[PDB]
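Asks: Would you be able to build a 3D model of this:
(2 chains)
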Amino acid sequence: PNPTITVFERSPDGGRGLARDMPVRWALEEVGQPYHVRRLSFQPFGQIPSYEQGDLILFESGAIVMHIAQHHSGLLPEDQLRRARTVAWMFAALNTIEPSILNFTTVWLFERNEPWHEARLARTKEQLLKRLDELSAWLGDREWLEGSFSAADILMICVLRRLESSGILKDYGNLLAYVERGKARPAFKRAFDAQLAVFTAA
Amino acid sequence: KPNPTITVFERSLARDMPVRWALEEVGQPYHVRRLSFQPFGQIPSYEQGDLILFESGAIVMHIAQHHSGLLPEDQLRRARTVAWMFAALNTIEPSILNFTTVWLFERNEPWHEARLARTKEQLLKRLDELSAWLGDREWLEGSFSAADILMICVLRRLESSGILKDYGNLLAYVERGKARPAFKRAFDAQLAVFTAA
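Replies: Numbers count the residues shown, from 1 in each chain, chains lettered A, B, ... in the order given. What follows is the structure:
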């Protein structure tokens, strides 16, 4: 039947589409699968999003986007050489790029109270800047990560959008344009609007 | 299909261990190229024909989906296995990485005991959830899988710290994987490049 995903009824991003349900929503919209939504209040880690389809219950945004991408057309290449490299970028987005971002942004957004705030911020920015240098050096002049738009691009773009609040992507022209390219897609916009409509409802 | 080539440094628990373990578990012979100084400059590279791979999770995935025993055939079982492979490397492993880099690399920095206590509390919460899921189960989700390879390797970076001692079921989980013959064969082959230098 139809997938049911769970989002929070009140988003900490405040209607900015930054929670981990954004990649899921985007993927479902990109694939054209109608889906049901449940709002929650307070899965082995008790987070969002959960993904439900019959007896199957999924967790982790990476794996949800994976399951959507392989049971439908449009998000993964047919060729297995191409498909394996896509999976590499999906893992790279979440275990290589995202932690570098998260370490910096937590200091930048929330740790202004801490005593050695200045010195720790400089250390996490240093590590982030090398990761982005590497990411931007790879992408160069490409439209997407690897050929056609893929589930890796959804994950990488949603990960990179966590850096909008800090303005760090201003020094990376191709990475900035790359995020904008993803945002310009009608599926992103459909997912963004539905996310924003949850925020206005509560 | 030709035998894969992986790439390690001669400097080390390194990221090739899960890849080594997966290849052993599955029985694929493999060549090892050595290096000193992948868009991100990380070991291991995985080369097989025209396919080049990076990311330990992606390499392990590829090994598991084209050979037998590390991924369940059932699509609902298989999907959940992928969830755990993701949870290991983006939910459990960063908490581990953030604690270990304070615990070892940033002793001389004057913000030590403040930062160490915060990362430990965030770690303990992750381990609480992991212990709670695991319970008295042998493995994460049914039979041994590639998720267990990734998780056990992730958890072994906590050996130096001794934090796993208050999580009896997790400590024994690590030993359960270590006692597998394929682990030992992958452990020794990793130790063969350790001694040649």
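
Asks: continuing past the biggest helix by length in chain A, what's the next helix or strand?
Replies: Criterion DSSP state H: the longest helix present in chain A is helix A:117-139. As assigned by DSSP states H and E, the chain's next helix or strand after helix A:117-139 is helix A:151-160.

Asks: counting contacts, what elements does that next one pack onto?
Replies: Here helix A:151-160 touches helix A:22-31, helix A:61-70, helix A:80-92, helix A:98-110, helix A:173-183, going by 3 or more CB pairs under 8 Å, 6 or more residues apart in numbering or on different chains; DSSP states H and E. Yep, even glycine has a C-beta here, placed from its N, CA and C like the rest.

Asks: ok so, going back, what lies in contact with the longest helix of chain A?
Replies: The contact list for helix A:117-139 (CB atoms under 8 Å, 6 or more residues apart in numbering or on different chains) reads A:96-97, A:100-101, A:103-104, A:107-108, A:111, A:114, A:145, A:168-169, A:172, A:174-175, A:178, B:39-41, B:109, B:111, B:115.

Asks: can you do 6 Å?
Replies: A:97, A:100, A:103-104, A:107, A:111, A:172, A:174-175, B:39-40 (CB atoms under 6 Å, 6 or more residues apart in numbering or on different chains).

Asks: cool, and stretch A:35-51?
Replies: Stretch A:35-51 is contacted from outside by A:2-9, A:21, A:24, A:28, A:58-59, A:64, B:91, B:129, B:133, using CB under 6 Å, 6+ apart.

Asks: Residue A:37 - that's part of a helix, no?
Replies: No. According to DSSP: H, G, I helix; E, B strand; the rest coil, residue A:37 belongs to no helix; its state is strand.

Asks: so what's it bridging to?
Replies: residue A:5 (DSSP bridges).

Asks: Ignoring the adjacent residues along the chain, who's closest to the spatially most central residue of chain A?
Replies: By CA atoms, centre = their mean, chain A has its centre lying nearest to residue A:158, at 2.7 Å. Residue nearest to residue A:158 in three dimensions, not counting chain neighbours: residue A:23, with 4.6 Å by CB to CB, 6 or more residues apart in numbering or on different chains.

Asks: count of residues packed around that neighbour?
Replies: 26 (other CB atoms under 10 Å in any protein chain shown).

Asks: now swap in residue A:145 and tell me
Replies: Residue A:145 has 25 neighbours, counted by other CB under 10 Å.

Asks: Distance-wise, check residue A:53 relative to chain B.
Replies: For residue A:53, the distance to chain B equals 9 Å [CB to the nearest CB, to the nearest Å].

Asks: same thing with residue A:192?
Replies: To chain B, residue A:192 is 23 Å away according to CB to the nearest CB.

Asks: can you pull the contacts of that residue?
Replies: By CB under 6 Å, 6+ apart, the contact set of residue A:192 is residue A:17.

Asks: Distance from the helix or strand hosting it to the middle of the chain?
Replies: Assigned by DSSP H and E, residue A:192 belongs to helix A:186-201. Distance of helix A:186-201 from its chain centroid, counting by CA atoms, centre = their mean, to the nearest Å, is 15 Å.

Asks: Then stretch A:71-79?
Replies: Relative to its chain's centre, stretch A:71-79 lies at 19 Å (CA atoms, centre = their mean).

Asks: Say whether chain B is contacted by it.
Replies: No. Shown here: stretch A:71-79 not in contact with chain B (CB under 6 Å from any CB of the partner chain), separated by at least 8.3 Å.

Asks: Tell me the buried residues in that stretch?
Replies: For stretch A:71-79, a neighbour-count test (16 or more other CB atoms under 10 Å in any protein chain shown) marks A:75-76 as buried.

Asks: Could you export that stretch as PDB, CA atoms only?
Replies: Taking C-alpha atoms only, stretch A:71-79 is exported to PDB below (Å, rounded to 0.1, in the frame of the first residue of the first chain):
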ATOM      1  CA  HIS A  71      12.000   0.200  -5.100                       C
ATOM      2  CA  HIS A  72      11.400   3.000  -7.600                       C
ATOM      3  CA  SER A  73      12.900   4.600 -10.700                       C
ATOM      4  CA  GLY A  74      14.700   7.900 -10.900                       C
ATOM      5  CA  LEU A  75      17.000   8.000  -7.900                       C
ATOM      6  CA  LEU A  76      19.500   5.200  -8.600                       C
ATOM      7  CA  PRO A  77      21.400   4.300 -11.900                       C
ATOM      8  CA  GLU A  78      20.600   1.000 -13.600                       C
ATOM      9  CA  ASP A  79      24.300   0.100 -14.200                       C
END
